[PDB]
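Colleague: If it helps, the file is called work-v1.pdb and holds PDB, N, CA and C atoms and all ligand atoms:
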```
ATOM      1  N   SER A  88     -46.846   4.177 -20.674  1.00  0.00           N
ATOM      2  CA  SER A  88     -48.291   3.825 -20.608  1.00  0.00           C
ATOM      3  C   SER A  88     -49.129   4.980 -20.046  1.00  0.00           C
ATOM      4  N   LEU A  89     -50.132   5.446 -20.780  1.00  0.00           N
ATOM      5  CA  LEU A  89     -51.146   6.397 -20.264  1.00  0.00           C
ATOM      6  C   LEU A  89     -51.881   5.849 -19.015  1.00  0.00           C
ATOM      7  N   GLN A  90     -52.456   4.638 -19.060  1.00  0.00           N
ATOM      8  CA  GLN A  90     -53.182   4.098 -17.895  1.00  0.00           C
ATOM      9  C   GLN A  90     -52.179   3.622 -16.852  1.00  0.00           C
ATOM     10  N   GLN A  91     -52.443   3.938 -15.598  1.00  0.00           N
ATOM     11  CA  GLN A  91     -51.594   3.502 -14.463  1.00  0.00           C
ATOM     12  C   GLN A  91     -52.175   2.224 -13.879  1.00  0.00           C
ATOM     13  N   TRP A  92     -51.302   1.283 -13.505  1.00  0.00           N
ATOM     14  CA  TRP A  92     -51.704   0.137 -12.676  1.00  0.00           C
ATOM     15  C   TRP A  92     -52.182   0.718 -11.345  1.00  0.00           C
ATOM     16  N   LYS A  93     -53.215   0.153 -10.785  1.00  0.00           N
ATOM     17  CA  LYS A  93     -53.630   0.500  -9.406  1.00  0.00           C
ATOM     18  C   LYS A  93     -53.902  -0.735  -8.604  1.00  0.00           C
ATOM     19  N   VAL A  94     -53.976  -0.496  -7.282  1.00  0.00           N
ATOM     20  CA  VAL A  94     -54.300  -1.529  -6.286  1.00  0.00           C
ATOM     21  C   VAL A  94     -55.675  -2.099  -6.595  1.00  0.00           C
ATOM     22  N   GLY A  95     -55.783  -3.426  -6.473  1.00  0.00           N
ATOM     23  CA  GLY A  95     -56.998  -4.169  -6.864  1.00  0.00           C
ATOM     24  C   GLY A  95     -57.012  -4.616  -8.335  1.00  0.00           C
ATOM     25  N   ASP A  96     -56.121  -4.132  -9.180  1.00  0.00           N
ATOM     26  CA  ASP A  96     -56.040  -4.582 -10.599  1.00  0.00           C
ATOM     27  C   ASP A  96     -55.701  -6.077 -10.676  1.00  0.00           C
ATOM     28  N   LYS A  97     -56.392  -6.747 -11.569  1.00  0.00           N
ATOM     29  CA  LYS A  97     -56.112  -8.154 -11.958  1.00  0.00           C
ATOM     30  C   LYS A  97     -54.960  -8.144 -12.966  1.00  0.00           C
ATOM     31  N   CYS A  98     -54.017  -9.061 -12.778  1.00  0.00           N
ATOM     32  CA  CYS A  98     -52.811  -9.161 -13.628  1.00  0.00           C
ATOM     33  C   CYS A  98     -52.428 -10.658 -13.681  1.00  0.00           C
ATOM     34  N   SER A  99     -51.426 -10.928 -14.460  1.00  0.00           N
ATOM     35  CA  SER A  99     -50.615 -12.151 -14.419  1.00  0.00           C
ATOM     36  C   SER A  99     -49.168 -11.783 -14.063  1.00  0.00           C
ATOM     37  N   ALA A 100     -48.494 -12.674 -13.372  1.00  0.00           N
ATOM     38  CA  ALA A 100     -47.107 -12.415 -12.922  1.00  0.00           C
ATOM     39  C   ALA A 100     -46.351 -13.724 -12.962  1.00  0.00           C
ATOM     40  N   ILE A 101     -45.064 -13.572 -13.191  1.00  0.00           N
ATOM     41  CA  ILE A 101     -44.099 -14.688 -13.241  1.00  0.00           C
ATOM     42  C   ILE A 101     -43.740 -15.010 -11.769  1.00  0.00           C
ATOM     43  N   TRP A 102     -43.988 -16.222 -11.301  1.00  0.00           N
ATOM     44  CA  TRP A 102     -43.588 -16.608  -9.919  1.00  0.00           C
ATOM     45  C   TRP A 102     -42.079 -16.797  -9.859  1.00  0.00           C
ATOM     46  N   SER A 103     -41.438 -16.056  -8.949  1.00  0.00           N
ATOM     47  CA  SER A 103     -39.975 -16.081  -8.693  1.00  0.00           C
ATOM     48  C   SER A 103     -39.506 -17.543  -8.682  1.00  0.00           C
ATOM     49  N   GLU A 104     -40.235 -18.459  -8.059  1.00  0.00           N
ATOM     50  CA  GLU A 104     -39.705 -19.822  -7.740  1.00  0.00           C
ATOM     51  C   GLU A 104     -39.738 -20.767  -8.936  1.00  0.00           C
ATOM     52  N   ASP A 105     -40.637 -20.653  -9.897  1.00  0.00           N
ATOM     53  CA  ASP A 105     -40.607 -21.632 -11.019  1.00  0.00           C
ATOM     54  C   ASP A 105     -40.542 -20.949 -12.385  1.00  0.00           C
ATOM     55  N   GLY A 106     -40.665 -19.623 -12.523  1.00  0.00           N
ATOM     56  CA  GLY A 106     -40.554 -18.964 -13.845  1.00  0.00           C
ATOM     57  C   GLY A 106     -41.836 -19.110 -14.691  1.00  0.00           C
ATOM     58  N   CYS A 107     -42.937 -19.582 -14.099  1.00  0.00           N
ATOM     59  CA  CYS A 107     -44.235 -19.776 -14.799  1.00  0.00           C
ATOM     60  C   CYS A 107     -45.163 -18.626 -14.464  1.00  0.00           C
ATOM     61  N   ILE A 108     -46.186 -18.411 -15.312  1.00  0.00           N
ATOM     62  CA  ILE A 108     -47.069 -17.251 -15.132  1.00  0.00           C
ATOM     63  C   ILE A 108     -48.320 -17.685 -14.383  1.00  0.00           C
ATOM     64  N   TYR A 109     -48.800 -16.900 -13.412  1.00  0.00           N
ATOM     65  CA  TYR A 109     -50.030 -17.215 -12.655  1.00  0.00           C
ATOM     66  C   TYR A 109     -50.849 -15.948 -12.488  1.00  0.00           C
ATOM     67  N   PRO A 110     -52.154 -16.115 -12.334  1.00  0.00           N
ATOM     68  CA  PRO A 110     -53.034 -15.007 -12.072  1.00  0.00           C
ATOM     69  C   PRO A 110     -52.870 -14.393 -10.670  1.00  0.00           C
ATOM     70  N   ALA A 111     -53.020 -13.058 -10.607  1.00  0.00           N
ATOM     71  CA  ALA A 111     -52.684 -12.333  -9.379  1.00  0.00           C
ATOM     72  C   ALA A 111     -53.508 -11.053  -9.317  1.00  0.00           C
ATOM     73  N   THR A 112     -53.450 -10.411  -8.173  1.00  0.00           N
ATOM     74  CA  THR A 112     -54.034  -9.098  -7.908  1.00  0.00           C
ATOM     75  C   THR A 112     -52.979  -8.208  -7.255  1.00  0.00           C
ATOM     76  N   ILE A 113     -53.019  -6.935  -7.546  1.00  0.00           N
ATOM     77  CA  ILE A 113     -52.086  -5.966  -6.928  1.00  0.00           C
ATOM     78  C   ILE A 113     -52.636  -5.640  -5.559  1.00  0.00           C
ATOM     79  N   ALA A 114     -51.823  -5.782  -4.525  1.00  0.00           N
ATOM     80  CA  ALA A 114     -52.162  -5.441  -3.135  1.00  0.00           C
ATOM     81  C   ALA A 114     -51.613  -4.065  -2.757  1.00  0.00           C
ATOM     82  N   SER A 115     -50.529  -3.605  -3.354  1.00  0.00           N
ATOM     83  CA  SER A 115     -49.844  -2.359  -2.951  1.00  0.00           C
ATOM     84  C   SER A 115     -48.917  -1.977  -4.079  1.00  0.00           C
ATOM     85  N   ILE A 116     -48.701  -0.692  -4.179  1.00  0.00           N
ATOM     86  CA  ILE A 116     -47.760  -0.127  -5.156  1.00  0.00           C
ATOM     87  C   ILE A 116     -46.858   0.878  -4.441  1.00  0.00           C
ATOM     88  N   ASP A 117     -45.564   0.806  -4.699  1.00  0.00           N
ATOM     89  CA  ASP A 117     -44.561   1.781  -4.214  1.00  0.00           C
ATOM     90  C   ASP A 117     -44.301   2.768  -5.361  1.00  0.00           C
ATOM     91  N   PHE A 118     -45.021   3.894  -5.382  1.00  0.00           N
ATOM     92  CA  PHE A 118     -45.057   4.838  -6.538  1.00  0.00           C
ATOM     93  C   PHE A 118     -43.620   5.244  -6.923  1.00  0.00           C
ATOM     94  N   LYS A 119     -42.771   5.636  -5.962  1.00  0.00           N
ATOM     95  CA  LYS A 119     -41.387   6.091  -6.270  1.00  0.00           C
ATOM     96  C   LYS A 119     -40.609   4.916  -6.868  1.00  0.00           C
ATOM     97  N   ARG A 120     -40.584   3.770  -6.188  1.00  0.00           N
ATOM     98  CA  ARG A 120     -39.776   2.567  -6.548  1.00  0.00           C
ATOM     99  C   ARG A 120     -40.376   1.853  -7.788  1.00  0.00           C
ATOM    100  N   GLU A 121     -41.585   2.208  -8.273  1.00  0.00           N
ATOM    101  CA  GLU A 121     -42.275   1.536  -9.425  1.00  0.00           C
ATOM    102  C   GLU A 121     -42.315   0.020  -9.186  1.00  0.00           C
ATOM    103  N   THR A 122     -42.504  -0.374  -7.935  1.00  0.00           N
ATOM    104  CA  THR A 122     -42.644  -1.806  -7.569  1.00  0.00           C
ATOM    105  C   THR A 122     -44.040  -2.005  -6.976  1.00  0.00           C
ATOM    106  N   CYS A 123     -44.473  -3.252  -6.858  1.00  0.00           N
ATOM    107  CA  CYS A 123     -45.784  -3.559  -6.259  1.00  0.00           C
ATOM    108  C   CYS A 123     -45.705  -4.871  -5.509  1.00  0.00           C
ATOM    109  N   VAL A 124     -46.717  -5.137  -4.711  1.00  0.00           N
ATOM    110  CA  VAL A 124     -46.849  -6.482  -4.106  1.00  0.00           C
ATOM    111  C   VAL A 124     -48.067  -7.127  -4.755  1.00  0.00           C
ATOM    112  N   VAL A 125     -47.943  -8.388  -5.195  1.00  0.00           N
ATOM    113  CA  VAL A 125     -49.049  -9.120  -5.852  1.00  0.00           C
ATOM    114  C   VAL A 125     -49.388 -10.281  -4.971  1.00  0.00           C
ATOM    115  N   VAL A 126     -50.661 -10.597  -4.974  1.00  0.00           N
ATOM    116  CA  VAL A 126     -51.210 -11.740  -4.224  1.00  0.00           C
ATOM    117  C   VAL A 126     -51.639 -12.738  -5.301  1.00  0.00           C
ATOM    118  N   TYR A 127     -51.055 -13.938  -5.271  1.00  0.00           N
ATOM    119  CA  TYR A 127     -51.387 -14.996  -6.252  1.00  0.00           C
ATOM    120  C   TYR A 127     -52.762 -15.577  -5.950  1.00  0.00           C
ATOM    121  N   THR A 128     -53.653 -15.522  -6.916  1.00  0.00           N
ATOM    122  CA  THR A 128     -55.001 -16.110  -6.808  1.00  0.00           C
ATOM    123  C   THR A 128     -54.940 -17.584  -6.446  1.00  0.00           C
ATOM    124  N   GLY A 129     -55.760 -17.983  -5.457  1.00  0.00           N
ATOM    125  CA  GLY A 129     -55.897 -19.384  -5.041  1.00  0.00           C
ATOM    126  C   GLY A 129     -54.758 -19.827  -4.138  1.00  0.00           C
ATOM    127  N   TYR A 130     -53.476 -19.664  -4.514  1.00  0.00           N
ATOM    128  CA  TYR A 130     -52.302 -19.990  -3.626  1.00  0.00           C
ATOM    129  C   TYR A 130     -52.371 -19.078  -2.378  1.00  0.00           C
ATOM    130  N   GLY A 131     -52.581 -17.773  -2.560  1.00  0.00           N
ATOM    131  CA  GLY A 131     -52.764 -16.776  -1.486  1.00  0.00           C
ATOM    132  C   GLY A 131     -51.432 -16.163  -1.053  1.00  0.00           C
ATOM    133  N   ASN A 132     -50.297 -16.681  -1.556  1.00  0.00           N
ATOM    134  CA  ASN A 132     -48.956 -16.121  -1.290  1.00  0.00           C
ATOM    135  C   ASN A 132     -48.789 -14.773  -1.978  1.00  0.00           C
ATOM    136  N   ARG A 133     -47.824 -13.974  -1.513  1.00  0.00           N
ATOM    137  CA  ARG A 133     -47.582 -12.642  -2.107  1.00  0.00           C
ATOM    138  C   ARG A 133     -46.091 -12.403  -2.252  1.00  0.00           C
ATOM    139  N   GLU A 134     -45.723 -11.555  -3.198  1.00  0.00           N
ATOM    140  CA  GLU A 134     -44.306 -11.178  -3.414  1.00  0.00           C
ATOM    141  C   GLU A 134     -44.221  -9.913  -4.248  1.00  0.00           C
ATOM    142  N   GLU A 135     -43.054  -9.313  -4.202  1.00  0.00           N
ATOM    143  CA  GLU A 135     -42.746  -8.039  -4.884  1.00  0.00           C
ATOM    144  C   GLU A 135     -42.604  -8.315  -6.384  1.00  0.00           C
ATOM    145  N   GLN A 136     -43.072  -7.396  -7.227  1.00  0.00           N
ATOM    146  CA  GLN A 136     -42.889  -7.413  -8.684  1.00  0.00           C
ATOM    147  C   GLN A 136     -42.563  -5.985  -9.087  1.00  0.00           C
ATOM    148  N   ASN A 137     -41.655  -5.784  -9.998  1.00  0.00           N
ATOM    149  CA  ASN A 137     -41.593  -4.483 -10.699  1.00  0.00           C
ATOM    150  C   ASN A 137     -42.905  -4.271 -11.462  1.00  0.00           C
ATOM    151  N   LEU A 138     -43.461  -3.066 -11.423  1.00  0.00           N
ATOM    152  CA  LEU A 138     -44.666  -2.723 -12.222  1.00  0.00           C
ATOM    153  C   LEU A 138     -44.445  -3.075 -13.692  1.00  0.00           C
ATOM    154  N   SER A 139     -43.234  -2.882 -14.209  1.00  0.00           N
ATOM    155  CA  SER A 139     -42.919  -3.145 -15.638  1.00  0.00           C
ATOM    156  C   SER A 139     -42.991  -4.648 -15.965  1.00  0.00           C
ATOM    157  N   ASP A 140     -42.985  -5.554 -14.998  1.00  0.00           N
ATOM    158  CA  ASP A 140     -43.013  -7.015 -15.274  1.00  0.00           C
ATOM    159  C   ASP A 140     -44.437  -7.571 -15.205  1.00  0.00           C
ATOM    160  N   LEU A 141     -45.414  -6.808 -14.713  1.00  0.00           N
ATOM    161  CA  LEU A 141     -46.827  -7.279 -14.641  1.00  0.00           C
ATOM    162  C   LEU A 141     -47.382  -7.441 -16.051  1.00  0.00           C
ATOM    163  N   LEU A 142     -48.226  -8.448 -16.238  1.00  0.00           N
ATOM    164  CA  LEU A 142     -48.863  -8.768 -17.520  1.00  0.00           C
ATOM    165  C   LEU A 142     -50.357  -8.567 -17.367  1.00  0.00           C
ATOM    166  N   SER A 143     -51.044  -8.231 -18.456  1.00  0.00           N
ATOM    167  CA  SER A 143     -52.522  -8.328 -18.402  1.00  0.00           C
ATOM    168  C   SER A 143     -52.848  -9.814 -18.209  1.00  0.00           C
ATOM    169  N   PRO A 144     -53.972 -10.094 -17.518  1.00  0.00           N
ATOM    170  CA  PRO A 144     -54.384 -11.459 -17.204  1.00  0.00           C
ATOM    171  C   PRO A 144     -54.353 -12.370 -18.445  1.00  0.00           C
ATOM    172  N   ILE A 145     -53.631 -13.462 -18.320  1.00  0.00           N
ATOM    173  CA  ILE A 145     -53.399 -14.416 -19.429  1.00  0.00           C
ATOM    174  C   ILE A 145     -54.739 -15.040 -19.753  1.00  0.00           C
ATOM    175  N   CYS A 146     -54.998 -15.277 -21.032  1.00  0.00           N
ATOM    176  CA  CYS A 146     -56.120 -16.096 -21.513  1.00  0.00           C
ATOM    177  C   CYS A 146     -57.420 -15.530 -20.925  1.00  0.00           C
ATOM    178  N   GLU A 147     -57.566 -14.199 -20.951  1.00  0.00           N
ATOM    179  CA  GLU A 147     -58.798 -13.487 -20.497  1.00  0.00           C
ATOM    180  C   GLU A 147     -59.252 -12.552 -21.608  1.00  0.00           C
TER     181      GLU A 147
HETATM  182  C1  LIG B 201     -46.986 -24.998  -6.530  1.00  0.00           C
HETATM  183  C2  LIG B 201     -47.093 -23.544  -6.200  1.00  0.00           C
HETATM  184  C3  LIG B 201     -46.985 -23.208  -4.891  1.00  0.00           C
HETATM  185  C4  LIG B 201     -47.095 -21.881  -4.491  1.00  0.00           C
HETATM  186  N1  LIG B 201     -47.009 -21.701  -3.188  1.00  0.00           N
HETATM  187  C5  LIG B 201     -47.304 -20.819  -5.518  1.00  0.00           C
HETATM  188  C6  LIG B 201     -47.461 -19.524  -5.165  1.00  0.00           C
HETATM  189  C7  LIG B 201     -47.664 -18.556  -6.134  1.00  0.00           C
HETATM  190  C8  LIG B 201     -47.781 -18.910  -7.467  1.00  0.00           C
HETATM  191  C9  LIG B 201     -47.630 -20.247  -7.855  1.00  0.00           C
HETATM  192  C10 LIG B 201     -47.412 -21.206  -6.878  1.00  0.00           C
HETATM  193  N2  LIG B 201     -47.316 -22.564  -7.210  1.00  0.00           N
HETATM  194  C11 LIG B 201     -47.391 -23.030  -8.604  1.00  0.00           C
HETATM  195  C1  LIG B 202     -54.128  -6.525 -23.331  1.00  0.00           C
HETATM  196  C2  LIG B 202     -53.877  -5.214 -22.687  1.00  0.00           C
HETATM  197  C3  LIG B 202     -52.606  -4.715 -22.817  1.00  0.00           C
HETATM  198  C4  LIG B 202     -52.244  -3.480 -22.243  1.00  0.00           C
HETATM  199  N1  LIG B 202     -51.055  -3.045 -22.367  1.00  0.00           N
HETATM  200  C5  LIG B 202     -53.252  -2.750 -21.416  1.00  0.00           C
HETATM  201  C6  LIG B 202     -52.973  -1.549 -20.885  1.00  0.00           C
HETATM  202  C7  LIG B 202     -53.951  -0.837 -20.209  1.00  0.00           C
HETATM  203  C8  LIG B 202     -55.219  -1.355 -20.067  1.00  0.00           C
HETATM  204  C9  LIG B 202     -55.537  -2.572 -20.623  1.00  0.00           C
HETATM  205  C10 LIG B 202     -54.555  -3.297 -21.280  1.00  0.00           C
HETATM  206  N2  LIG B 202     -54.862  -4.528 -21.881  1.00  0.00           N
HETATM  207  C11 LIG B 202     -56.203  -5.088 -21.735  1.00  0.00           C
END
```
Please express what this file holds, its structure, as structure tokens.
Ligand SMILES: Cc1cc(=N)c2ccccc2n1C
Ligand SMILES: Cc1cc(=N)c2ccccc2n1C

Modeller:
Amino acid sequence: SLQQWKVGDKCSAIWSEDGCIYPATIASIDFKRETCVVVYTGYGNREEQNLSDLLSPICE
């Protein structure tokens, strides 16, 4: 990908606990590890995602 994900980007992510997709924002990126932390919109919980697993915001 030419464009890089950055902190503050809106995305969708698969929640580890149920396998369903939810809207999220990137809070941090580990440039070497190609991982990030996402904050789930409305729930407010956060968890690690590989950058390669982030989706553009669903149904937007
Ligand atoms: C029920 C529920 C509880 C959560 N704490 C949560 C967090 C992040 C994304 C989805 C989530 N859902 C669906
Ligand atoms: C739908 C979509 C897919 C992409 N891979 C992407 C990449 C970079 C910027 C916008 C993007 N959008 C909007």

Colleague: Could you expand the PyMOL selection byres (((not hetatm) and name CA) within 9 of (chain B and resi 202)) into the explicit residues it covers here, written as a list in words?

Modeller: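 Those residues are residues 88, 89, 90, 91, 92, 142, 143, 144, 145 and 147 of chain A.
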
Colleague: Throw together the list of residues within 7 Å of ligand LIG 201 (chain B), counting all atoms listed in the file, and drop it here as a list in words.

Modeller: residues 102, 109, 127, 128, 130, 131, 132 and 133 of chain A

Colleague: Using the selection just defined, write its residues with N, CA and C atoms as a CSV table (one decimal), keeping the file's coordinate frame.

Modeller:
```csv
chain,number,residue,atom,x,y,z
A,102,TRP,N,-44.0,-16.2,-11.3
A,102,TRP,CA,-43.6,-16.6,-9.9
A,102,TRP,C,-42.1,-16.8,-9.9
A,109,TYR,N,-48.8,-16.9,-13.4
A,109,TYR,CA,-50.0,-17.2,-12.7
A,109,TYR,C,-50.8,-15.9,-12.5
A,127,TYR,N,-51.1,-13.9,-5.3
A,127,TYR,CA,-51.4,-15.0,-6.3
A,127,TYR,C,-52.8,-15.6,-6.0
A,128,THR,N,-53.7,-15.5,-6.9
A,128,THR,CA,-55.0,-16.1,-6.8
A,128,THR,C,-54.9,-17.6,-6.4
A,130,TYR,N,-53.5,-19.7,-4.5
A,130,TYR,CA,-52.3,-20.0,-3.6
A,130,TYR,C,-52.4,-19.1,-2.4
A,131,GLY,N,-52.6,-17.8,-2.6
A,131,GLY,CA,-52.8,-16.8,-1.5
A,131,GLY,C,-51.4,-16.2,-1.1
A,132,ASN,N,-50.3,-16.7,-1.6
A,132,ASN,CA,-49.0,-16.1,-1.3
A,132,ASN,C,-48.8,-14.8,-2.0
A,133,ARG,N,-47.8,-14.0,-1.5
A,133,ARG,CA,-47.6,-12.6,-2.1
A,133,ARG,C,-46.1,-12.4,-2.3
```

Colleague: Could you give me, as a VMD selection string, the residues that have an atom at most 8 Å away from the point (-52.3, -1.9, -0.7) in the coordinates of the file, using all atoms listed in the file?

Modeller: chain A and resid 94 to 95 113 to 116 124

Colleague: Compile the contact shell of residue 136 in chain A as a PyMOL selection string: residues with an atom at most 8 Å away, counting all atoms listed in the file, same-chain residues fewer than 6 positions apart removed.

Modeller: chain A and resi 100-101+121-125

Colleague: Would you compute the distance between CA of residue 137 in chain A and atom C of residue 120 in chain A? Give it in Å to one decimal.

Modeller: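 It comes out at 7.1 Å.
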
Colleague: Grab the atom C of residue 138 in chain A to atom C of residue 111 in chain A distance for me, in Å with one decimal place.

Modeller: 12.8 Å

Colleague: If DSSP is run on the backbone, what residues of range 112-142 of chain A are strand (DSSP E)? A reply as JSON, numbers by chain would be ideal.

Modeller: {"A": [112, 113, 114, 115, 116, 117, 122, 123, 124, 125, 126, 127, 133, 134, 135, 136, 137]}

Colleague: Only N, CA and C atoms, please: the residues just picked out, written as a PDB file, in the frame of the given file.

Modeller:
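What follows is the written file again.pdb:
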```pdb
ATOM      1  N   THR A 112     -53.450 -10.411  -8.173  1.00  0.00           N
ATOM      2  CA  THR A 112     -54.034  -9.098  -7.908  1.00  0.00           C
ATOM      3  C   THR A 112     -52.979  -8.208  -7.255  1.00  0.00           C
ATOM      4  N   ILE A 113     -53.019  -6.935  -7.546  1.00  0.00           N
ATOM      5  CA  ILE A 113     -52.086  -5.966  -6.928  1.00  0.00           C
ATOM      6  C   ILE A 113     -52.636  -5.640  -5.559  1.00  0.00           C
ATOM      7  N   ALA A 114     -51.823  -5.782  -4.525  1.00  0.00           N
ATOM      8  CA  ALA A 114     -52.162  -5.441  -3.135  1.00  0.00           C
ATOM      9  C   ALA A 114     -51.613  -4.065  -2.757  1.00  0.00           C
ATOM     10  N   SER A 115     -50.529  -3.605  -3.354  1.00  0.00           N
ATOM     11  CA  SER A 115     -49.844  -2.359  -2.951  1.00  0.00           C
ATOM     12  C   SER A 115     -48.917  -1.977  -4.079  1.00  0.00           C
ATOM     13  N   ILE A 116     -48.701  -0.692  -4.179  1.00  0.00           N
ATOM     14  CA  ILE A 116     -47.760  -0.127  -5.156  1.00  0.00           C
ATOM     15  C   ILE A 116     -46.858   0.878  -4.441  1.00  0.00           C
ATOM     16  N   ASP A 117     -45.564   0.806  -4.699  1.00  0.00           N
ATOM     17  CA  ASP A 117     -44.561   1.781  -4.214  1.00  0.00           C
ATOM     18  C   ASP A 117     -44.301   2.768  -5.361  1.00  0.00           C
ATOM     19  N   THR A 122     -42.504  -0.374  -7.935  1.00  0.00           N
ATOM     20  CA  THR A 122     -42.644  -1.806  -7.569  1.00  0.00           C
ATOM     21  C   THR A 122     -44.040  -2.005  -6.976  1.00  0.00           C
ATOM     22  N   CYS A 123     -44.473  -3.252  -6.858  1.00  0.00           N
ATOM     23  CA  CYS A 123     -45.784  -3.559  -6.259  1.00  0.00           C
ATOM     24  C   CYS A 123     -45.705  -4.871  -5.509  1.00  0.00           C
ATOM     25  N   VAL A 124     -46.717  -5.137  -4.711  1.00  0.00           N
ATOM     26  CA  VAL A 124     -46.849  -6.482  -4.106  1.00  0.00           C
ATOM     27  C   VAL A 124     -48.067  -7.127  -4.755  1.00  0.00           C
ATOM     28  N   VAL A 125     -47.943  -8.388  -5.195  1.00  0.00           N
ATOM     29  CA  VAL A 125     -49.049  -9.120  -5.852  1.00  0.00           C
ATOM     30  C   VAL A 125     -49.388 -10.281  -4.971  1.00  0.00           C
ATOM     31  N   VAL A 126     -50.661 -10.597  -4.974  1.00  0.00           N
ATOM     32  CA  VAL A 126     -51.210 -11.740  -4.224  1.00  0.00           C
ATOM     33  C   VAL A 126     -51.639 -12.738  -5.301  1.00  0.00           C
ATOM     34  N   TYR A 127     -51.055 -13.938  -5.271  1.00  0.00           N
ATOM     35  CA  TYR A 127     -51.387 -14.996  -6.252  1.00  0.00           C
ATOM     36  C   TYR A 127     -52.762 -15.577  -5.950  1.00  0.00           C
ATOM     37  N   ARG A 133     -47.824 -13.974  -1.513  1.00  0.00           N
ATOM     38  CA  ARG A 133     -47.582 -12.642  -2.107  1.00  0.00           C
ATOM     39  C   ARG A 133     -46.091 -12.403  -2.252  1.00  0.00           C
ATOM     40  N   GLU A 134     -45.723 -11.555  -3.198  1.00  0.00           N
ATOM     41  CA  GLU A 134     -44.306 -11.178  -3.414  1.00  0.00           C
ATOM     42  C   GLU A 134     -44.221  -9.913  -4.248  1.00  0.00           C
ATOM     43  N   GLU A 135     -43.054  -9.313  -4.202  1.00  0.00           N
ATOM     44  CA  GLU A 135     -42.746  -8.039  -4.884  1.00  0.00           C
ATOM     45  C   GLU A 135     -42.604  -8.315  -6.384  1.00  0.00           C
ATOM     46  N   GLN A 136     -43.072  -7.396  -7.227  1.00  0.00           N
ATOM     47  CA  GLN A 136     -42.889  -7.413  -8.684  1.00  0.00           C
ATOM     48  C   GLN A 136     -42.563  -5.985  -9.087  1.00  0.00           C
ATOM     49  N   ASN A 137     -41.655  -5.784  -9.998  1.00  0.00           N
ATOM     50  CA  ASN A 137     -41.593  -4.483 -10.699  1.00  0.00           C
ATOM     51  C   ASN A 137     -42.905  -4.271 -11.462  1.00  0.00           C
TER      52      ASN A 137
END
```

Colleague: For CA of residue 141 in chain A and atom N of residue 99 in chain A, quote the distance in Å rounded to one decimal.

Modeller: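 These atoms are spaced 5.9 Å apart.
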